[PDB]
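**Student:** I'd like to ask some things about the structure below.
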Amino acid sequence: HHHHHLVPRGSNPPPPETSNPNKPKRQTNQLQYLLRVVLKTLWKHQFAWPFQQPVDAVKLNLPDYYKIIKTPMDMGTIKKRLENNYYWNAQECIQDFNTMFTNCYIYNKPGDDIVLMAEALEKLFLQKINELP
Ligand SMILES: CCN1C(=O)c2cccc3c(NS(=O)(=O)c4ccccc4C(=O)OC)ccc1c23
């Protein structure tokens with residue numbers, strides 16, 4: 001038989017929402033600091049780039065990524081959420097950061113380059129979190 005299963009193909013899932021009109025939202029001084037200080041200082045770091053957008057599992061040849069990671073998160077998503085005033089409190093935003101870092105540590109192994117990058121960014125994140133208003 002001549003069906004060789006070359007289609008249908010893989011794909012990326014849809015990315016996390018950055019808007020939700022029915023979700024409760026606030027602007028708080030902590031959320032303001034999270035955008036202006038925490039996110040913007042991590043964003044400029046030379047290890048930020050793999051984290052600035054959702055994982056493209058097709059481009060990056062990580063076909064197992066969304067098999068293993070079922071709650072993806074990334075800093076582009078967090079940035080957009082912050083810009084859109086998506087969050088109710090600082091905890092929600094912080095949980096998104098925690099999810100991003102945790103995903104990285106789940107998927108990868110100690111000493112992998114991506115893990116060294118995540119560890120550095122997490123260190124910086126935790127320092128910046130300790131001066132939250
Ligand atoms: C942060 C999301 N992420 C991963 O968890 C991950 C694991 C393996 C490779 C890559 C990856 N591929 S990459 O080409 O951009 C890359 C980035 C940083 C360090 C190593 C690699 C890589 O795969 O080197 C071969 C991008 C984003 C992620 C990963």
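Starting from 1 in every chain, residues are counted up; chains themselves are A, B, ... following the order of the structure tokens, and ligands are numbered from 1 as listed.
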Please identify all protein, DNA and RNA residues within 6 Å of ligand 1, counting only C-alpha atoms and all ligand atoms, and report them as a ChimeraX atom specification.

**Tutor:** /A:50-51,55,60,104,107,113-114

**Student:** What's the 9 Å shell around residue 16 (chain A), counting only C-alpha atoms, without same-chain residues fewer than 2 positions away, as a VMD selection string?

**Tutor:** chain A and resid 14 18 54 71 to 74 77

**Student:** List the spatial neighbours of region 115-119 of chain A as a PyMOL selection string - criterion: any atom at most 9 Å away, only C-alpha atoms, same-chain residues fewer than 5 positions off excluded.

**Tutor:** chain A and resi 46-48+50-51+100-101+104-105+108-110+124

**Student:** Find the spatial neighbours of residue 58 (chain A), counting only C-alpha atoms, within a cut-off of 9 Å - ignore same-chain residues fewer than 3 positions away - and output them as a list in words.

**Tutor:**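 The contact residues come out as residues 10, 11, 12, 55, 61, 62 and 63 of chain A.
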
**Student:** Residues near residue 35 (chain A), anyone? I mean within 12 Å using only C-alpha atoms, not counting same-chain ones fewer than 2 positions away, as a ChimeraX atom specification.

**Tutor:** /A:27-33,37-43,75-76,78-87,90,93-94,128-129,132

**Student:** Taking only C-alpha atoms into account, name the residue in A:121, A:57, A:126, A:68 that is nearest to residue 44 (chain A).

**Tutor:**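 When distances to residue 44 (chain A) are compared using only C-alpha atoms, the smallest one comes from A:121.
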
**Student:** Determine which residues of region 35-124 of chain A receive a DSSP assignment of helix (DSSP H, G or I), computed from the backbone, and state them as a ChimeraX atom specification.

**Tutor:** /A:35-43,49-51,65-68,75-83,90-107,113-124
